[PDB]
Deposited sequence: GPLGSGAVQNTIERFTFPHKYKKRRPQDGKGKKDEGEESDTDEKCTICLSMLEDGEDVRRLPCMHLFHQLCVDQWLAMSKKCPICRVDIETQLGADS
């Protein structure tokens, strides 16, 4: 929605998702925010569409 305009969805190629606490693994659908923080799409996309801010650093993606 608004999410895709301001962030970078892509396939991942040791980093941890801070939402689910699991390691980011090869081929997983992940998303980078303008602040450079990285999350699984599953974990972040619904929350982010509503908050429009990075869970970690609180910076608005817009």
Unmodelled spans of the deposited chain sequence come out as 1-9, 23-41, 91-97
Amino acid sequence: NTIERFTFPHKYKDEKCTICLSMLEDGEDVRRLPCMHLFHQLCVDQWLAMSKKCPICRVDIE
From here on, numbers count along this sequence of modelled residues.
Avg C-alpha B-factor, entry values, 53-61 vs 1-9, higher side is 1-9
As the entry reports it, the stretch among 19-27 and 36-44 with higher mean C-alpha B factor is 19-27
